[PDB]
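No hydrogens, no waters, no symmetry mates; every other heavy atom, side chains included, goes into these values. Just so it is clear: chains get the letters A, B, ... in the order the sequence lines come, proteins before strands, and each one is counted from 1.
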Amino acid sequence: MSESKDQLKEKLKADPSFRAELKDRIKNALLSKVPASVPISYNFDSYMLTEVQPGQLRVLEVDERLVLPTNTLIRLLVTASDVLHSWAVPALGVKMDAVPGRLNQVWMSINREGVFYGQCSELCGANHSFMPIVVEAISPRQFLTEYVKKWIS
Amino acid sequence: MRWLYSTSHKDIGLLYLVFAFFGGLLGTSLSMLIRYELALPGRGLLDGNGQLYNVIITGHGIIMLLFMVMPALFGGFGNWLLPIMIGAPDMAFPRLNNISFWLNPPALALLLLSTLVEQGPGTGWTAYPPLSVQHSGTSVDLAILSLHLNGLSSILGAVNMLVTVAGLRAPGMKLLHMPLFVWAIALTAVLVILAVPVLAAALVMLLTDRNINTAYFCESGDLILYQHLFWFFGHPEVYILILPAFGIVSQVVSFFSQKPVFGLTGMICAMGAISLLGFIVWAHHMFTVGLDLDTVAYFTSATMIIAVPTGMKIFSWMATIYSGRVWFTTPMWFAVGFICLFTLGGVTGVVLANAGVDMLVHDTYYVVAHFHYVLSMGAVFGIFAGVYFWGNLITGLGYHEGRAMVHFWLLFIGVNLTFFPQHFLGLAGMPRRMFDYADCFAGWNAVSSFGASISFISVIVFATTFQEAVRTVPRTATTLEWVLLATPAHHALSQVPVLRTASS
Amino acid sequence: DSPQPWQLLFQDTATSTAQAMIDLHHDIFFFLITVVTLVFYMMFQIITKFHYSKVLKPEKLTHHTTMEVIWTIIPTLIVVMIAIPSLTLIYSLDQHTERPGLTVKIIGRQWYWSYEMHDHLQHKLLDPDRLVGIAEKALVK
Amino acid sequence: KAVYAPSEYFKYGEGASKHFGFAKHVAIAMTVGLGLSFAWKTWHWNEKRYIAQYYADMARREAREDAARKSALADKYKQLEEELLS
Amino acid sequence: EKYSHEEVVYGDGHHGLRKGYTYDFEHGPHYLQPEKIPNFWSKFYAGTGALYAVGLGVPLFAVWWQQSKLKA
Amino acid sequence: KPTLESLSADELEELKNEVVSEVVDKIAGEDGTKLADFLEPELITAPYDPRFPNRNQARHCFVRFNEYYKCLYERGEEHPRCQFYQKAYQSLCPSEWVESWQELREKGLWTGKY
Amino acid sequence: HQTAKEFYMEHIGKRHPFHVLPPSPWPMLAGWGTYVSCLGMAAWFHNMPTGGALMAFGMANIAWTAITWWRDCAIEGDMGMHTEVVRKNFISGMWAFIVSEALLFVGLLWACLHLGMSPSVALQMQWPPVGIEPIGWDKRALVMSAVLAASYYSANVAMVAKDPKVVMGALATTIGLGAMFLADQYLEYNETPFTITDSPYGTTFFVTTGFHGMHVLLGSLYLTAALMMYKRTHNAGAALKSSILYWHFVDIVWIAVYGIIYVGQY
Amino acid sequence: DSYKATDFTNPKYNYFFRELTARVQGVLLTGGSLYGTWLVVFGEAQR
Amino acid sequence: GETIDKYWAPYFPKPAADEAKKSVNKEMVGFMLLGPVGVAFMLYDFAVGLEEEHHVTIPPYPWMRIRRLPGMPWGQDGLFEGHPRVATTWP
Amino acid sequence: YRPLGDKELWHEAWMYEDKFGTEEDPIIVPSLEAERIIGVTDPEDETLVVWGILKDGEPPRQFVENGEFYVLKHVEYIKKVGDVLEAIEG
Amino acid sequence: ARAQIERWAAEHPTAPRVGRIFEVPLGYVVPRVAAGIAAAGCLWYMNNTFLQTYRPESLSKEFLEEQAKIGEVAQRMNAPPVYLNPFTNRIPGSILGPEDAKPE
Amino acid sequence: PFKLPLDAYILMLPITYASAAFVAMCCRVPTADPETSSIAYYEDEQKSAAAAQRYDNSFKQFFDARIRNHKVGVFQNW
Ligand code: HEA
Ligand code: HEA
Ligand SMILES: [Cu+2]
Ligand SMILES: [Mg+2]
């Protein structure tokens, strides 16, 4: 009743195996309070800025950047929709063509935080000059505690 | 009538040379628009029209690759010089030699007419799908048909050259006594025959994709297959354009050094090794398309082996000048300038051949600087070396020596100060085929645009070099075209000369 | 990170792979400097010392087996010395020896870029055994 | 009296190449080229030394916040310890 | 005559100056004799000027043509 | 009163559950809104499949998309392996490719058996 | 004219065994005919009115100039202008042309091998694609193989025979066996359950077999033109040998085409 | 005595094959080239 | 009678009548190995031609009947295509 | 003459003679015109070729050093040796 | 080999043989290549002055002064700003950006 | 045509090496993982993983020890 609860606590005091089993039960119950897995998902476009302010670079500046954590193995799947394009970031040593129907993978890991610029490096029309690339790199704890909370529905 | 119905190889070679000069004028004119648009950041004389800029660079690249260098070296000097050099009275097929020329003004007319149709063919000289397929209208079809006609011209010329070498040689003259120009032209003909029909097949596939709704390079096809076929053609193409330049440099260097060529069999084995290795390294133009690492590994390791025969040829040219009696004239300077400045273009190719380094400089102006070194210092210098060397034999006019040195120095200043800053732009990351760039790239683009104006002025001064000629009587020479009068008769070698081996 | 005015060499790097590429390029430029300097100096000396005002009549030099073998076997060694680091850098482009942490789908359109992601975020109790012991000593008394 | 072919060449060794000194010039060219190459590699090694020091300093900094984070975690653990004992 | 197989095979046995030539290019010692064309240096400079004008003005016309089409 | 020397296994298990829950609801919360300082976030993506070694990874996308519907046909709808396959193809395939594949499945133009 | 043959003997014929041609107008006309037919083909692709008519007009002009050129070549071969070394030059030129055409076919079969071996995700990685019924090897293509091998052996008969009747009969047999190859290919093109717009299988099959069939037609016309010259004088020279070489080249090309497409399902 | 009317290479057929065609085809190609140039330049594609 | 071919004829000798017939027989053995049977089966095939029929309609898969441009240069259906087999309804 | 085996029959021999041209006994080169270009190799190096012009009515002429002397003779017919005299086989 | 050189020199009488490496005197070459470079500079200046339709606003002096005030600093929307190119401008590894520096 | 000079065999060693490498590369492609014209090839996961890992290891296992040792340069740049 209540003494049997107290007798259970006395058996916790006495038997080490029962103590370990109830510790494992405590660990099972604490994992039940852990929130479940949630999906992170986004789909945005990145366009060149037509007019820039001081502190921004003409031709190379976009409106929406790609935010990537540092010290993390990142897979980049590159493809296209209509013609050939090339995703080139010269500071990160990645330049791989975007082919319609292909899914070209890149393994990338960034050493330091910063803002890295790029352009498209495959001729694709009249406005080939005006498809720039900007990658913003932040720390992994910021990425996993603040940035991914912007994409929880 | 004479220039329309000709069967003589000497009239046809002169017609090729005049055509190649016209194509060089067109590509000089198309290249001042490229440098006048790129001089300053923003929008220049093209008013921000990117499709017109793509049309201009496509037409300019195609014209300078196919209607200037090949009609000057392979069609111009080869047709004029090969039967005189080997002692043949004429070509093997004299009327095939006239259709090999007369398929070139139709192809040039189709290519120039595609620019006035719709918005033009802005695709690059490589014409990659699906950008070439996506172009609606007629311009791309006219451009590809122009490439087809020029390829047919090249194949017919190569067949005529290969039969003229093998079967109309002078009596007693084996494949040991022909000059290195003849060996270069023969190897170029072999390369043309083995390489051009693959391009023709790829272009037929491109037309069937554009107009017949077939599935070669499309949604359900494979777009990497086009790059495979086109570059399997295209890497032999750049060696087709440089081997007659090697031959002209050998003939010029051996002439004014008063010496024969150092290492003749080594020279021939090096040209053969260059011709053979050019057919198994085509995929160094495709490092960034997503090939497997083993394929990229092989195509990296096999591309650098091309350095060894070219280095052997350069060192043998230096050994030919070594211990001679050298007299420096305008063709001798264009050969010395060739050997100095082809080495600069060749060493950047070794850098580009390494695939990890090529991931940083692919489709940048580094590549542009590389191939304008090996083509404006390699082929243009070889062409101009032959113009001043054989000019009184071919045309009947001499040249003023002072104005020719003025032209050489204006050209040498102009093209060095044009493409050397493009190395620094390409290392920093300035991409190809763009008419507007970031603000920091302004200085080297201003320097390069200043150099292009000097190159244009050098092109202008070249028309003033010609003057009246002086004619003398020959007695002896080391090649057959220098015992002839200037100009020769219509039937040069009225009697067929024979080569007599000395007795015991 | 960004290009600079009057810049000569590459941009600064943020991956070890890009640094390794630049290191390989500088290693190749080591050999290229020596090759170009040798060519230019020897041609200057040959041009100056064998002018016709210095030479009465030329010598008959057609072949030299030792020098030909020397300039054939020397660049082959340079090529095979350059190639093995280059081959090693090529085969290091796949770095899947870790747990991947992010996937980003990059799509190129006319004329802009599109970025996509669909992953799952899960939480784990950080060092739970200390909390396990804390609960154990909370329940034992 | 016929017409004779004139002498056109010297034998290699007694013309205007005995005074040239080919091996001397090759040694001079190789010394100059290797000097410039070692200057270039010296600059490269200097730049790599600065990069290595940069990343070492960054690791020194990044080890400082993560120690203070675990210190704050232990402080919250010591607070939750007396939260379940009071 | 005038259409026989021998006319096809061995050509027409014309001798001397052809129509307006001042020199025999077919059978004379030189196939090109640019010192015998009357007023040769005027014609050479006119032809070179025409070649320069066309070869430098065709791409300018193609630029003007494509930009006049948009500006409409 | 039933003591520990007389209780059965199921009553003792329920008593253990009550003892654990009544204190861990004070420690962690009934929902778990108190463990935010003691939680470590981690992001899960598609693992490396040894069957797909090349840089072009379109076949990995296609095979995972097909293994999802094979799992859905064979082992129910809520099996953990089917969710693994679903998160695996969602992590690899572009959204345009997937929506084209369901419109081909809805039109009847899917060549799979299931 | 009467002294023109005398001039040729005195200055060209008696000095060397090679043939020197008088001026000719056919290369210029052939080049501008290619220009006209290319403009017509470009107009015919994009469904402009009077474009196919212009393309046919240009192709007819090209064919007429080519026939006039070849008639001049046969006339010069019948006035005895070609010695034995000139005929060997003809054989070597045909060998070079054959090498060019073989590389064109290698480029064509490269695409078949590439597309057939690794089907893409756009085809749902199945080769041949579902809906496409492949043409088998145990049917009419085997009859074509037997017929064209017989044509190979009959052209081999005509090369070594010395009786004019046997040569003319063997040439007619090879020409007739070639025409039976084409009329059966027409039936394959009509009964097949796929078109040129149905998958890369249909694209590669029809483009490769169409180029091979056009080469069969050109070789048969060449052998026919070689037979009529043998019919008149019982002497053909280089026209017979080059045509037999070209026919053998077509027979060799068919082996690769059959083995890749019909057997290999590529 | 070696040529028939059925013979393609008859010397009596040389005027028609070599002289008449050289001007008829010469004017036909001029007419076709001008029309093809106008058609491709000033024409509208319906496909 | 004074042609170039006859003038240079003694300097180009022919490389050396029943051996020709032996070679003709040797090649005709291989000719008759595959000659009559192929002709017989092809003449059989010319009479079993456009008489059979197929009613297998094909679903309009994305790789079937590519129409990147509207129609064909000659018309709507393919050349040499009497009866299209791909479903134009789909259902 | 040299051995005519492995020689083309139309090569106009005299180039296949067994005689070394000396000043007192030169090699007579036949010609259809008053001048003719011939080619002489270097006796110490086969790869070196020198082309020269012989004229009619001139003294004997040497082209390379330590080489043969040559005299041109104007003739109406040049013996196309390979069927002209080895068919005679005297 | 000598006679062909002597033949070429007779057909090119304007080519000097005076015993020096640059046979054409530099008093002829230098003013004319200078005049050519001057004409090229005139053309280049005319392109820079009269053939521009859009000069971008990031090259005006006000933009240049306001950019020189900022320096090579890149902003971030999820983090404090960062120095661009930290190796060629020799930023130490402890400092990431200007706002995170907080000078002593 | 002539006597092959002592150079030409030293040229022919890496030329033969490049030709043999080209032939081996072209030959090993129809024995690779993605060259299968079926979807039922991948439903045997043991065989397909074994085949694709064998396609990874060959011509890369020669470089594993120096990839781990960062032997990515001719010199030793730290
Ligand atoms: C033969 C090849 C050749 C030559 C000579 C040139 C000559 C020049 N080229 Fe170009 N170029 C290409 C081949 C060539 N080019 C190719 C293939 C492309 C790629 C296009 C594409 O990507 O689609 C290209 C593109 C290209 C670009 C890159 C454009 C871009 O990426 O957006 C640039 C940039 O400055 C350029 C500039 C110049 C300049 C200033 C010259 C100057 O040298 C001007 C020329 C001056 C000369 C002196 C050469 C002319 C020669 C003669 C007149 C000799 C003929 C004479 C006789 C026969 C008697 N051209
Ligand atoms: C004249 C034409 C020509 C010639 C001769 C060459 C010669 C070479 N080329 Fe190039 N190339 C082009 C024209 C040419 N190329 C063009 C037009 C493009 C761009 C195509 C496009 O439009 O996209 C291109 C692009 C191109 C690429 C593709 C890169 C890219 O675009 O991303 C590569 C890669 O390997 C390459 C490398 C080489 C090499 C290794 C040589 C070698 O043959 C050079 C060898 C010579 C030397 C190395 C110097 C002499 C040697 C010595 C002095 C010995 C000492 C050397 C060592 C010890 C190493 N070039
Ligand atoms: Cu290349
Ligand atoms: Mg590219």
Please work out whether the ring planes of I:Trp74 and G:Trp44 are parallel, tilted or perpendicular, with thresholds of 30° and 60°. tilted

Identify the two heavy atoms, one from I:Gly38 and one from G:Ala146, that lie closest to each other, and give their separation to 0.1 Å. CA-CB, 4.4 Å

Interchain contact, I:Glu2 with chain G, by part (heavy-atom threshold 4.5 Å): both

Could you look at G:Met144 and say if it's the side chain, the backbone, both or neither that has a heavy atom under 4.5 Å from chain I? both

So NZ of I:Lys26 and CG of G:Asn156: to nearest 0.5 Å the spacing works out to 8.0 Å

Using a cut-off of under 4.5 Å on heavy-atom pairs, state which of G:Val160, G:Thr195, G:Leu187, G:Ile132 scores highest against chain I. G:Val160

Below 4.5 Å from any heavy atom of chain G, which atoms of I:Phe41 appear? Answer side chain, backbone, both or neither. both

Could you tell me the separation between the CG atom of G:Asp184 and the CG atom of I:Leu43, rounded to the nearest 0.5 Å? 10.0 Å

Would you find more than 12 non-hydrogen atoms of other residues, nucleotides or ligands less than 6.0 Å from G:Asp138 atom CG? yes

Point-to-point distance, once rounded to the nearest 0.5 Å, from CZ of G:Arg140 to CZ of I:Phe46: 9.5 Å

What pairs of residues pass the ring pair (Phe, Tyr, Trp, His ring centres under 6.0 Å) test when at least one of them lies in residues 142-180 of chain G, not counting sequence neighbours? G:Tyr152-G:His248

Provide the closest heavy-atom pair for G:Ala150 versus I:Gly35 in the form atom of the first, atom of the second, distance. CB-CA, 3.7 Å

Roughly how far, to the nearest 0.5 Å, is the CZ atom of I:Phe31 from the OG atom of G:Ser154? 5.5 Å

Taking I:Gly30, I:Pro36, I:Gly49, I:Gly78 one by one, which has the highest count of heavy-atom pairs under 4.5 Å against chain G? I:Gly30

Partner of I:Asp5 by side chain to side chain contact (heavy atoms under 4.5 Å, CB included), out of G:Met81, G:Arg87, G:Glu84: G:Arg87

One option among I:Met42, I:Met64, I:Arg67, I:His54 has the most heavy-atom pairs under 4.5 Å with chain G, and it is I:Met42

G:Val86 versus chain I, heavy atoms under 4.5 Å apart: side chain, backbone, both or neither? neither

Below 4.5 Å, heavy-atom pairs only: which of G:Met79, G:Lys5, G:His46 has the largest tally toward chain I? G:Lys5

Considering only heavy atoms, which portion of G:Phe194 lies under 4.5 Å from any heavy atom of chain I: side chain, backbone, both, or neither? neither

Counting only heavy atoms closer than 4.5 Å, note whether G:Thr173 contacts chain I via side chain, backbone, both or neither. side chain

At a 4.5 Å cut-off on heavy atoms, which part of I:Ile58 comes close to chain G: side chain, backbone, both, or neither? side chain

At a 4.5 Å cut-off on heavy atoms, which part of I:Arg65 comes close to chain G: side chain, backbone, both, or neither? both

By a 4.5 Å heavy-atom criterion (distance strictly below it), what part of I:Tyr61 contacts chain G: side chain, backbone, both, or neither? side chain

Derivation of the side chain to side chain contact (heavy atoms under 4.5 Å, CB included) call for G:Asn190 and I:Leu50: CA-CA 9 Å; G:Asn190 280 307; I:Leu50 72 165; over 6 Å; no

Under 3.5 Å, side chain of I:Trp63 to main-chain N/O of G:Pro200, donor-acceptor pair present? no

In Å, rounded to the nearest 0.5 Å, how long is the span from CE of I:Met72 to CZ of G:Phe45? 10.5 Å

For a side chain to side chain contact (heavy atoms under 4.5 Å, CB included) check, start with the C-alpha distance between I:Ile4 and G:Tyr8, then their side-chain angles and the critical distance, and finish with the verdict. CA-CA 10 Å; I:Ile4 296 91; G:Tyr8 195 95; 4.0 Å; yes

Between G:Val166 and I:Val24, does a side chain to side chain contact (heavy atoms under 4.5 Å, CB included) hold up when you go through it step by step? CA-CA 9 Å; G:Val166 178; I:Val24 173; 4.1 Å; yes

When the 4.5 angstrom heavy-atom criterion is applied to G:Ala161 and chain I, the contacting part is both

When only pairs under 4.5 Å are counted, which of G:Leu177, G:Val147, G:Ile196 shares the most heavy-atom pairs with chain I? G:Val147

Rounded to the nearest 0.5 Å, the OG atom of I:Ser23 sits from the NZ atom of G:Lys162 at a distance of 8.0 Å

I'd like to know which of G:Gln124, G:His82, G:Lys14 tops the heavy-atom pair count under 4.5 Å against chain I. G:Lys14

